[PDB]
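Visitor: Residue numbers (PDB author numbering), protein chains in the order written: chain A, 5 to 146; chain B, 1 to 19; chain C, 3 to 143; chain D, 2 to 142; chain E, 76 to 187; chain F, 2 to 56; chain G, 18 to 117; chain H, 16 to 128, 134 to 204; chain I, 2 to 68; chain J, 44 to 113.
Starting off with a structure, shown below.
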Amino acid sequence: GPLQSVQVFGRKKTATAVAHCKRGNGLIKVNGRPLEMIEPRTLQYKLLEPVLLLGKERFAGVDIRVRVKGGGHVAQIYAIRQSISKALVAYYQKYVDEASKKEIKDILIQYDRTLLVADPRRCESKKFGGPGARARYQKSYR
Amino acid sequence: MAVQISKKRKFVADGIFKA
Amino acid sequence: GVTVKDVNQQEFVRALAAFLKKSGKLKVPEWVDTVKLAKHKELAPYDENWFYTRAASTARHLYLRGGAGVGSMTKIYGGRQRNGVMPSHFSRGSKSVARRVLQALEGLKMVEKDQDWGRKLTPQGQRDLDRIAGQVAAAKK
Amino acid sequence: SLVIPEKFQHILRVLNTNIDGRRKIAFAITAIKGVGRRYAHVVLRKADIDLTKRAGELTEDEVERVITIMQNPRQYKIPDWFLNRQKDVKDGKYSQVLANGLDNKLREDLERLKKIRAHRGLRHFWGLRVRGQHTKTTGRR
Amino acid sequence: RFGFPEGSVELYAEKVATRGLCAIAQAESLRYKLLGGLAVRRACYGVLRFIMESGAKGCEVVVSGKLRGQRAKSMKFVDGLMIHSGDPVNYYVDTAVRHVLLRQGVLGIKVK
Amino acid sequence: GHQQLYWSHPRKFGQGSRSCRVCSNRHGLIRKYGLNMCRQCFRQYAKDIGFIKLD
Amino acid sequence: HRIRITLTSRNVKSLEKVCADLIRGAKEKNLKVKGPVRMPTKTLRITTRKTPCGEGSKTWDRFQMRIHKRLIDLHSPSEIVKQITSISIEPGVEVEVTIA
Amino acid sequence: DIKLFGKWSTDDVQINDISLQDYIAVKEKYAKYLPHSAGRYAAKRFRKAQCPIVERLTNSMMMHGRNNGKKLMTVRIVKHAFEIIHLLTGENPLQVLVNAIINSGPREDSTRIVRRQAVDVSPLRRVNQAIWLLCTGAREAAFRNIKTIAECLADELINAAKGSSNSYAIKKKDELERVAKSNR
Amino acid sequence: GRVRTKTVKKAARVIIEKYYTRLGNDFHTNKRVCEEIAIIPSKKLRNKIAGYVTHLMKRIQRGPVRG
Amino acid sequence: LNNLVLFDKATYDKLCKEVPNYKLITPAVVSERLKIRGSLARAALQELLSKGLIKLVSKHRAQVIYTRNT
RNA sequence: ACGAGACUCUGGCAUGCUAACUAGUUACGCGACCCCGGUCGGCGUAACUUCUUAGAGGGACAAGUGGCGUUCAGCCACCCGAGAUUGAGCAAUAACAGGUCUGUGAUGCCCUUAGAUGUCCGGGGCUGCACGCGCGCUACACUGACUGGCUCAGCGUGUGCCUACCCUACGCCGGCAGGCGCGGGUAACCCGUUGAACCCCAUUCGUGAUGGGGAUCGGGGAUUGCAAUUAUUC
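Written out as structure tokens, the structure reads:
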């Protein structure tokens, strides 16, 4: 009957993931492929941290369709990690009580704060007189 | 313009005129 | 039912390479033995029947985004050229191999020239990828 | 299967050059001056050989097939662009020139430039770098 | 020179209100006092006294180059309030650099 | 003839073909955005063009 | 009738109050207008050495020149636009008007 | 719930040396799935301590230039090292790790205050050095060798968990403590 | 390094000296009082000032303050 | 390192006895103990797995780990 | 009072504001494929501004709490929080025999001024190599090399006054550098959703100066240019 929708994003370095919550069965998939095969493999359980902290019962009524854009492989994982978790916490905010939202938010932040707080760090700019931000070129005496 | 000058070139040439 | 995007691509290509090899109507040009796939490659490919593998790879890149001509295929299989003692740089693949593959995948009617240039998958080819996705998704049980 | 076969020649002699009978055949033949990685591979394509074998395993008719196809690569369809001595000055001939040939023909290529008094050979006679380097700082014995 | 259409450019030559607070108007004023043959000390005070009358918050007039002798020598004349560092300089202080050709060498005028 | 010789040598490319529109110099040329003004010359006229120093 | 103004400037506040004054003119004569669509800023950048020679420690000026670009889409008669575009414009601003 | 690589649990292991109880983070709240976290551990002074030693090992591995930044190379090395430690010892290898941090840390080190007076190490200095010694124990063993770092890092963590002295990290540790004993 | 400068302190002094009656021990109101009663040309300075005001107003709630 | 490229009658017997009776079986272990080239050990431990005498743990591009059965 | 700070630009935050066919999203519909859903950067339009862009604001001050200090200036830790010190730009008095006359139609003096130290045209040279220094790049491997497979960026530049020389998709030919027909873009419109590398996964190699390393050196092939030899570059 009603329209239950939440479009909530996750950032790391320059990498924006937008997770879109709606009613239905338990499927999370990112650019329309299931979590278990989003390379790199090596950070598999980093995408299954919101999955396995909460359990599929939390994600039973909600199916989340994520899009990722920017940064590298790792950043895009920490983006799609952060997105589904924030977008869930925004789904439990809007369409159920604060009680269910808070005990979810508590689980996420008491495990890893990055799940629900956008890590503010950015690649600090290069300056002349060196090959990067801080590092200077070889000084030559004699 | 008839040869159709670029916007970035236009604001440079406008400053070069003033100069 | 399942699609190619639901399946692991690493063993999908190996399955789809087997499929095009199995049909035996892919048209590999005679120089497929002598030729190295880039200038940023040092050797000839280790696997002798590479053209099938790359036809599969190309095919599934045409599934995921359309209208990708020959320049784009050399870019999607571009890599690092170790320019000897000078620092390495990004180097494109072979145009010729990318072009023969997109002639082969149109030969065996899997692709067809998209409007505004480039190649995309015809519904037959699209069905071939999705039915073999079914094979590989079933095979991991 | 993976045990040492009998009549395993531990040291072959192919084009009067001691080939190691331990190496893979694509990387054993390279020991012969004039044939590298890239060339040996395409010789072992034409000579339809499972190049997964080590340098001892394959039979004396197979290695004497390898010799002939290296000596006559143009005849067994390896193209002109793939050879080391393309459009030669004495005879106008395309041919991959091998160990003692390549040394004797290198000798001639320098001894031509020495005889005609051409800048390139004069650089060779004085034992200097020829190809436009800066000798001020580098090439120190 | 600028290839504008024949009679599609019009020059007006209006007046500066309170001309004491323009640096390049005081630097050009000063260079023609010096090239007039006035002593540098007199001319610089003359400018500096004028713009502090005219209603400026401060004033720095420097004349680098060869005064009296072959040695290059800066004569710096300062009064009032003068800021140097950070953005407000871009819109508070008015700075001018001008050349003058004396018969012995080149004196420079820095009115700030 | 000298009329053929005098300016024969082509000036279609290289830093001997282009020069500063201020300085008239064959060095430190800023070609970017069609400035074509010497690296000393533009450093003097940067303000007047609209090139503020900020970062 | 779908007539497109392309405002381009060096200075923000000058172009911001103009695009505001043109959108006043669209509301004062009460014809529909797509708002002031902000096209991305162009930071032109000349990074030249400071020294006229090479005889100091290797410092560099980093000149910018920001070019702000706004566009206003109107559903207007042509003469109302050629009236409004004349009214109160200042030297920091550069105005195009595309008919179709 | 069940922990590290999906297969190495946390409430099996006991930190014996109470000296390093708070400075070996491996237990209950420092039970992460992968040794990979944004962290921001290296921001304020001691927060380094509240990093899981598995992630400290992972980080300490990627060294000698070429490897700097290649953390997934090391995450993998540690994962395959723990497989080898389990199949060669029959033990939750986090215990072999913790036993190696306890054993392979120097407990007294020389310092310049003449010739080099002997002082005591901080527990955090011990954990820092422990992980350094048995990571350099791995990469130096593995360099110009048929063996992999999986084997070399495992062999180092095993020999250290014993105190075998064939351990590079134990041998350099009791050398430091010998030189510290000297100037006393 | 978080030491406050003279232009922050002198301002905060004179603000309290003339407007002790409007101020309290709440930053976000003191901040908004400083807006009304003084032309502070900068938000950062406006907060720095308000921030030292609040710190002094705590020291006023105790014994007497020197300057 | 005068290693073996292919097996002898002797070394193949030593392998087929000993290598099933290890707990950790890696190509770099079997190559280090039986005085053979790594590549030959990689093929031998792929035979032994096809003969069902050893158990695969984690096959990776870099590190391939096998164990006993009992 | 100047300098410091303030300041200016920038980095990080706001489902709060103004907004959008040169930016999108979510719906709805048509259509392609899989066995009711699933995939779509396939097509089209209704709502909307979360991501997108850029404007106005707000936001952080040691503000809150706890510890040593007239409990002054402050410091340290913690809670809340997008941050609990982002980075730069600007930059005093007074100097230096710092550098620049080879940046200038900035310039004093001296020299040269027609067999020129003006200028132009052709040709070398600026790279010449027993040797000594300085910034570098690539490496010495198995945390590797090689071959395939997989998969993610952000700054940017782009058709010129004179000025001649622009970025390139797309389709054939070539092994390749490249050549050919053929369009888009004076640009959030086209290259371009910038399918970048390292990374990721799967074969081959196995401690051997080895498939490490790619210098020297021979032959051949393409491009820019009036011209490449003292090898332009590929």
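Note that beta-carbon positions come from the ideal geometry of N, C-alpha and C, so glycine has one too.
In this structure, does DSSP put residue 104 of chain G in helix, strand or coil?
Guide: coil
Visitor: Per DSSP, residue 143 of chain E is paired with what?
Guide: When DSSP reads this structure, residue 143 of chain E sits in no beta bridge, so it has no partner.
Visitor: Taking residue 23 of chain G as part of the beta strand (DSSP E), name the residues at either end of that continuous run.
Guide: 19 to 26
Visitor: Buried or exposed for residue 23 of chain H, going by 16 or more other Cβ atoms inside 10 Å?
Guide: That one is buried.
Visitor: Mind listing the chain B neighbours of residue 36 of chain F? Cutoff is C-beta to C-beta under 8 Å, in chain order.
Guide: 12 and 16
Visitor: Per DSSP, what kind of secondary structure is residue 22 of chain I in: helix, strand or coil?
Guide: The answer is coil: DSSP assigns residue 22 of chain I none of H, G, I, E or B.
Visitor: Rounding to the nearest angstrom, what Cα-Cα distance links residue 13 of chain D and residue 54 of chain D in this structure?
Guide: 14 Å
Visitor: Check residue 163 of chain E in the structure and name its three-state DSSP category.
Guide: Helix at residue 163 of chain E.
Visitor: Can you check whether the C-beta of residue 82 of chain G is within less than 8 Å of a C-beta belonging to chain B?
Guide: So yes, residue 82 of chain G belongs to the interface.
Visitor: For residue 50 of chain F, which residues in chain B fall below 8 Å Cβ to Cβ?
Guide: 12, 15, 16, 18 and 19
Visitor: Closer than 8 Å, CB to CB, is residue 89 of chain J near chain H or not?
Guide: no
Visitor: Is it right to say residue 79 of chain C is buried, meaning 16 or more other beta carbons lie within 10 angstroms of its own, or is it exposed?
Guide: buried
Visitor: Does the beta carbon of residue 43 of chain H sit closer than 8 Å to a beta carbon anywhere in chain J?
Guide: Output row for residue 43 of chain H: interface = no.
Visitor: Any beta-carbon of chain H closer than 8 Å to the one on residue 82 of chain A?
Guide: yes
Visitor: Which residues, in order along the region 50 to 71 of chain G, keep a beta-carbon less than 7 Å from a beta-carbon of chain F?
Guide: Residues of the region 50 to 71 of chain G with a C-beta atom less than 7 Å from some C-beta of chain F are 61, 63, 65, 66 and 69, listed in chain order.
Visitor: Counting only beta-carbon separations shorter than 8 Å, does residue 80 of chain D have a partner in chain C?
Guide: Yes, residue 80 of chain D lies at the interface with chain C (some Cβ there is under 8 Å from its Cβ).
Visitor: Could you tell me which residues DSSP puts in a beta bridge with residue 112 of chain G?
Guide: G:24
Visitor: Relative to the C-alpha of residue 43 of chain H, which candidate in H:66, H:51 and H:32 has its C-alpha closest?
Guide: H:66
Visitor: If I follow the unbroken alpha helix (DSSP H) through residue 147 of chain C, where does it start and stop?
Guide: Missing from the structure shown is residue 147 of chain C; chain C here goes from 3 to 143 and no further.
Visitor: Can you name the start and end residues of the beta strand (DSSP E) that residue 109 of chain J belongs to?
Guide: 107 to 110
Visitor: For the candidate residues C:71, C:7 and C:6, whose alpha-carbon lies nearest to that of residue 101 of chain C?
Guide: For the residues C:71, C:7 and C:6, the minimum Cα distance to residue 101 of chain C belongs to C:71.
Visitor: Verify the CB distance criterion: does residue 43 of chain A have a CB-CB separation below 8 Å to chain H?
Guide: no
Visitor: I need the straight-line Cα distance from residue 143 of chain H to residue 145 of chain A, nearest angstrom please.
Guide: 41 Å
Visitor: According to the neighbour-count rule (16 or more other Cβ atoms, all chains shown, within 10 Å of its Cβ), is residue 46 of chain D buried or exposed?
Guide: buried
Visitor: What do you get for residue 170 of chain H, buried or exposed, if any count of 16 or more other CB atoms within 10 angstroms of its CB means buried?
Guide: With 16 or more other Cβ atoms inside 10 Å of its own Cβ, residue 170 of chain H counts as buried.
Visitor: Quick one: complete alpha helix (DSSP H) runs, 4+ long, within the region 111 to 145 of chain A?
Guide: none
Visitor: Can you find a CB in chain A that lies within less than 8 Å of the CB of residue 38 of chain H?
Guide: no
Visitor: Quick one: what does DSSP say residue 101 of chain D is sitting in, helix, strand or coil?
Guide: helix
Visitor: Which residues in chain A sit within 8 Å of residue 8 of chain C, going by Cβ to Cβ distance?
Guide: Residues of chain A with a Cβ closer than 8 Å to the Cβ of residue 8 of chain C are, in chain order, 37 and 38.
Visitor: DSSP three-state call for residue 202 of chain H: helix, strand or coil?
Guide: Here residue 202 of chain H sits in helix by DSSP.
Visitor: Would residue 45 of chain C pass as an interface residue toward chain D - the criterion being a Cβ-Cβ separation below 8 Å?
Guide: yes
Visitor: Would you say residue 13 of chain A reaches chain G, if we count a Cβ-Cβ gap shorter than 8 Å as a contact?
Guide: Residue 13 of chain A does not count as touching chain G.
Visitor: What is the DSSP secondary structure of residue 99 of chain J, reduced to helix, strand or coil?
Guide: Strand, per DSSP.
Visitor: If we count the other Cβ atoms within 10 Å of its Cβ and call it buried at 16 or more, is residue 132 of chain A buried or exposed?
Guide: exposed
Visitor: If I'm right that residue 136 of chain A touches residue 130 of chain A with Cβ under 8 Å, what's the distance once you round it to whole angstroms?
Guide: The distance from the Cβ of residue 136 of chain A to that of residue 130 of chain A is about 5 Å, consistent with a contact at the 8 Å cut-off.
Visitor: If we define contact as Cβ-Cβ less than 8 Å, is residue 44 of chain F a contact residue for chain G?
Guide: By this cut-off, residue 44 of chain F is an interface position.
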